[PDB]
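In: Pasting an experimental structure, sequence included:
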Amino acid sequence: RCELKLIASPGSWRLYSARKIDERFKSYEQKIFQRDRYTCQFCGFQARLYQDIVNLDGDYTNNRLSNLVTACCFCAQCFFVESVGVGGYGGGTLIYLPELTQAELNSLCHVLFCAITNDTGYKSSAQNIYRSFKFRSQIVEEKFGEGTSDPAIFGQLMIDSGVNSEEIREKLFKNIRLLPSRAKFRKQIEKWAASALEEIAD
Amino acid sequence: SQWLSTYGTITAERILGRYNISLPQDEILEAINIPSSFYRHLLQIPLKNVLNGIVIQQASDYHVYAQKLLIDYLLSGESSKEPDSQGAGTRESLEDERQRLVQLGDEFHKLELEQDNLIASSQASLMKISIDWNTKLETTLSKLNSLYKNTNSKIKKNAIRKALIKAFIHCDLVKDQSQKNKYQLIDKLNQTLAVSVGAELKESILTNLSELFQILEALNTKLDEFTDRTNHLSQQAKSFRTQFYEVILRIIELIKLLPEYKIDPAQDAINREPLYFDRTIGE
Amino acid sequence: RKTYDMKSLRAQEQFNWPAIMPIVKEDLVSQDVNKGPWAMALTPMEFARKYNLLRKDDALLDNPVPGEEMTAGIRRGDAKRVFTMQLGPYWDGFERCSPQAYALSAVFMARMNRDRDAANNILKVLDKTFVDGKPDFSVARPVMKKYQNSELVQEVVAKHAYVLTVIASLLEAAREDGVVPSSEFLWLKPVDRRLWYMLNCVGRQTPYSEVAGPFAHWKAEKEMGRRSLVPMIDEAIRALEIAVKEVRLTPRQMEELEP
Amino acid sequence: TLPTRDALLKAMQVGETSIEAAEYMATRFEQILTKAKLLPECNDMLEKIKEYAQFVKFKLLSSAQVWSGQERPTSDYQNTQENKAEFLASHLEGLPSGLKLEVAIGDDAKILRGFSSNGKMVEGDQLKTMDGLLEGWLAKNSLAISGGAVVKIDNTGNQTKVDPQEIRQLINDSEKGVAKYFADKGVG
Amino acid sequence: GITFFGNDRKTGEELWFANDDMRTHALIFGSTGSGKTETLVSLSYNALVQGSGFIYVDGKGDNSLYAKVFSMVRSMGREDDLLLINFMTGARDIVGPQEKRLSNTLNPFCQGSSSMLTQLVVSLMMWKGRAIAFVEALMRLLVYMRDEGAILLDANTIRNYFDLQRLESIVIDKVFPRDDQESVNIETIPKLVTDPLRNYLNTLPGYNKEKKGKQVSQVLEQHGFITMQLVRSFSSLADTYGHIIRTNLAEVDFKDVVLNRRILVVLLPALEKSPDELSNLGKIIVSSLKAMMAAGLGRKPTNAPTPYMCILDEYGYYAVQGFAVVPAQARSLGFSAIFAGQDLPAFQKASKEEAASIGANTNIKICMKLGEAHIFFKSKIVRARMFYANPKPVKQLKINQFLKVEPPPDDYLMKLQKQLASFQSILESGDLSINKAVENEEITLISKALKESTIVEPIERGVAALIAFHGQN
Ligand SMILES: [Zn+2]
């Protein structure tokens, strides 16, 4: 149930996706979900569709049954900030907010998608909050320059500029949280919702 | 162990919140899931509303994009094309479409207002149903006790309340209602508790479970309407997602063929952001 | 002296020109393209079908050229994954590379510093060991250790990122000292594939489609003038869209693919 | 090129349904005025369609906690006037003139509003009691309707808590009194 | 020796050849019923068996040759070393998509080294002088403009500027129009490029300084008589073949096709039928394969050990000024050529003052008199059957398609090298973490809830925050 660290690692995606099409990262993929009840161990999400397993140790070769964990669709891309918003689905916008641990931002951003998609009355409020998460992004654009708000880019400027240390990486990602954007997670936040309201209301 | 998706549990709980009936603490895992429930039926009218709550949202994204394509057009290059040119070559075929997008605007908008009445009209009743259940549950609560405190067989109070709730969650009496089905319930309330006989007491309770069964029934007949209105209000709504997808498609090629105007990839790539959903989400 | 034929010539003069040893003992003609080791490249069609990239493009989401119908459209999300995967492993040290990519690193290195007869004897024996059993690339150490730090190579090699791009961009220079025709890598075709098409593309300005990841990168960082450990294949995707809106699709196979 | 009045009214009418489209047209015309000329005359055209965008958002949304079980009053005079009350008494009003109210009853100074605080449903309650008392002095005269509408067109007095910047206060009072008794300050 | 031709017909001892002679070109004479096409193929084996890409150009109108060669290459494994551009296919029958790919794309005008003047003037073939003067100045105007403008050279964008007013609008209005809705400016460009054309119209018999409606009739008499051979030359090339030359990244560009020993079989329609435009299609080759060898070749490359024999089947019909001599630069390429022709009396008859140039530059001369031929050597004459390579035909003949990749756009790298600079300066100074405090009224009110609430499970905790915040406002 570890915490999230926005690891801008250069060549983890190549391996991480590479496994995703094989069966060894799939035969396990069923074994690990059952043990973890499709629950997202980082942020608490619990749903059947679009959940994939991340490695804790920072390496994606050693897939034993203990290092692997299951994490939702917002945390998984949070582990590869060097490219997100380019690799098919997934999206985000770096923002500057220290008041919430990155987990308390993924989980709180689900509840703001299940009260904007399947409006139960709080849709007026949820957009008002969400208005004030995206808006913070203009500060992480003021310090680091224009056009490098989006994590797809701000990830690019790191390993292209050659930083690896657990220190100079940490002090640089301090007080930066990856806000998952609604408008690019639309093929999902409706697929989860509409699949939810069809099991219950038959 | 048959859990519930956390997009569901947020929505399935929060609806019950509006009804102020949070009698279950942990049975919410097993109640609003079991098919022959009762909180499921109290739930199945506002849930489907929410399901039309997204389709009339997907369509009203095309409609929002459709007005933009024209608003760009109508602000810039409308009159600079003389009559009798290539300018009017398809422009008239556009000033048709403005008319079609201005009626689908004020007909679709009549759909939102019927929705907002349907939810209002529905919830306004189902709330009047649940609370009147709570009160009438309270009276049986005490009264069923006085019929059970008299028992030589010593049973508690909160034990029996947890006993009854499981009789509505292990069998249904909302739709398949009869005079024998109550006995399966009555023999299900007895068996959840340890033991009872009460042969006259099987009669002596039937008079008391009445106010539940009555107030239960006004869920079927008020589920008689609302489902009949909801399929309409969804069939109508699914349509409006199609015939906006046409007006938004016809325009993108009709306006494409002007000689001296175009839609730049700058505003389009940002207007076309909320148009990446799926269409086939209602049936 | 006696009359000759197509076959007996292939045997009589495969000594003096050893870059054709790895074929003289075969008869490829009866074998089939697209199957086996000696198999032609993939056209972009027969490719996007092999890796299941296709999708029938719905209007308003990807505006088609009006004159086009009965064609396809390719999924970016799985295309960019399949191209990235084609970039080679990272480059950490010449002593840490595939045991063949270590014997074509060497050949260019001998050639950059003009010391040609060093390079030539690498390739001349390197086939004779392959045509007979299993080839040994440990006949090319004493060149590899000698020039591993000549001034040119370090200039070429500290500049790039992945081990395909370097092995390619090395050739870009080692050919400037004459000719290094890609016909001297025919031991390369079976024992490796993704390489034999990276080498065989450099010098062109259009790659195959087996290797478009590396070739889109190799141009990207020959443009910036900077290594870039990320992938930069945002262009080899765009090339595939252009070379898939080119094959007209028959309606029967039009409807098998799904959006 | 500055679009001509007819093109512009057509652009309005294609955007009279949804809040997003009307606001987008407002932004667009602001944008291509300031990029271009941005004359004071252009500044006034901009003010007009800014009013437009406000009024669309102003007459298309009183959810009124519809899920909570209430209903959207469907006579679109009241829907608009309640969103009036909400917006003005919400984010444009604080102490315009503290506690002044003289809304007479036909040349009689007795039935006058108590000049309460302008809080949400607070000044609304004060105006409801004052309108009830005004009805006691003279009840709702049957003038006409428009959907559900009742009028005292040339009613007694208009201004209650007034000042140069008291647009918020005066409009809020008009809304909370015209929920039932409207002097027909209704246009389009 | 290295290269096998054949066995003496009399005695039975084979005649090879060596690199030093074979680098000097060869020249074959024989009728069409003599079997000369197999000899262009059999002697292309002799140069494939050692890693060397022959170029084969046929204007005999043969369609059943590329079946021979692709059954010859495939036998030497280097089936990836083959490009095929086919001109005997349809005329403007290719638009948009295609049922099956038909031919590779050739475009010698994209990568520009300003040697195309050397080829455009020779693809051409005072009047002749004013012709060279006009074109040369546009190329600098265009090859320059290609280095930065969104202009892809081809047989069209040059063909589009052979008119005068769009040329003139470059001159007097000093603005750059193209075949799109666009506005391009030549004011900032150095005057080393605009000047030659500016002074060209001035050397025409007439000019009206203000407007063009008058001066065209002052010049359209001489404009036509000087641009005529080229705009007719460009006319055929850009519309009869739109699936060859309308590309951007040529699969076949001749600097590669020699410098790497790749193969390129090209077939031309026919040359005893309307050579007016089919002797112009086999000259866009020998133009490029000459003007990209003399002057466009990008500290001392060694002599090659493989002759790269380009075989040309009817050099009677196409020809550019003096091809048989090859300059002192490209001697490294180990180059040669095998010119071919139907008949020596026709070989002179084909064009003016050319068969001597080939007759003076080839140490080898071959007659294929109807024993397939004899060889006309300087010392002794030898009669001998030539080689006979009989490739078994192939079941399926695939011409291997490519892609069109690009170096990424400069609207994006100049930004990338721009942010990396600013992000590089930050990361060194050491004051890299964000520090400034900003306060929202909603981040505070959504954190104040998440910190007061006590329910552990993160999601359930979240929705309770949203409940309390909403009820707050
Ligand atoms: Zn998660």
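Out: Looks like it came in fine. Numbering: from 1, shown residues only, chains lettered A, B, ... in the order given.
In: Let me see the backbone angles for the residue in the stretch 151-259 of chain C that the ion sits nearest to.
Out: Scanning the stretch 151-259 of chain C for proximity to the ion using C-beta to the ion identifies residue C:230 as nearest, at 24.8 Å. C-beta: built from backbone N, CA, C; applies to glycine. When quoted as degrees, to the nearest 10, the phi and psi of residue C:230 stand at phi -60, psi 180.
In: gap between it and residue A:194?
Out: Computed as C-beta to C-beta, to the nearest Å, the residue C:230 to residue A:194 distance reads 36 Å.
In: cool, residue D:66 as well?
Out: Noted for residue D:66: a distance of 21 Å to residue A:194, by C-beta to C-beta.
In: tell me the centre residue of chain C?
Out: Geometric centre of chain C, nearest residue: residue C:197, 1.6 Å, by C-alpha atoms, centre = their mean.
In: That residue should be in a helix, yeah?
Out: Yes. The assignment for residue C:197 by DSSP: H, G, I helix; E, B strand; the rest coil puts it in a helix.
In: Show the end-to-end separation of stretch C:75-94, please.
Out: 36 Å (C-alpha to C-alpha, to the nearest Å).
In: So for it, what gets flagged as buried?
Out: Within stretch C:75-94, the residues scored as buried using 16 or more other C-beta atoms under 10 Å in any protein chain shown are C:75-76, C:78-88, C:91, C:94.
In: overlap between these and the residues near chain A?
Out: Restricting those to those near chain A by C-beta under 8 Å from any C-beta of the partner chain leaves C:75, C:76, C:78, C:80, C:81, C:84, C:85, C:87.
In: Show the contacting residues for the fourth one.
Out: Taking C-beta atoms under 8 Å, 6 or more residues apart in numbering or on different chains as the contact definition, residue C:80 lies against A:86, A:87, A:88, C:233, C:234, C:237.
In: Now the buried members of the residues you listed.
Out: Here, 16+ other C-beta under 10 Å leaves A:86, A:87, C:233, C:234, C:237 buried among the contacts of residue C:80.
In: Which parts of chain E belong to which domain?
Out: Per automatic domain parsing, the structural domains of chain E span E:3-106+E:250-386, E:116-239, E:443-472.
In: so how far is residue A:12 from whatever residue of chain A ends up closest to the ion?
Out: Proximity of chain A to the ion (C-beta to the ion) peaks at residue A:72, 2.9 Å away. Distance of residue A:72 to residue A:12, computed by C-beta to C-beta: 18 Å.
In: These two: who's more crowded?
Out: residue A:72 (26 against 18; other C-beta atoms under 10 Å in any protein chain shown).
In: where do the strands sit along chain A?
Out: A:52-55, A:68-71, A:93-95, A:177-179 (DSSP state E).
In: what separates stretch B:253-267 from the chain centre, distance-wise?
Out: Here the centre of stretch B:253-267 is set off from its chain's centre by 40 Å, with C-alpha atoms, centre = their mean, to the nearest Å.
In: residues in contact with it?
Out: B:69, B:72-73, B:76-77, B:80-81, B:86-87, B:90-91, B:93-94, B:97, C:66.
In: mind redoing it with 10 Å?
Out: Here stretch B:253-267 makes contact (C-beta atoms under 10 Å, 6 or more residues apart in numbering or on different chains) with B:68-70, B:72-73, B:76-78, B:80-81, B:85-87, B:89-91, B:93-94, B:96-97, B:251-252, B:268, B:271-272, C:59, C:63-64, C:66, D:24, D:28, E:181.
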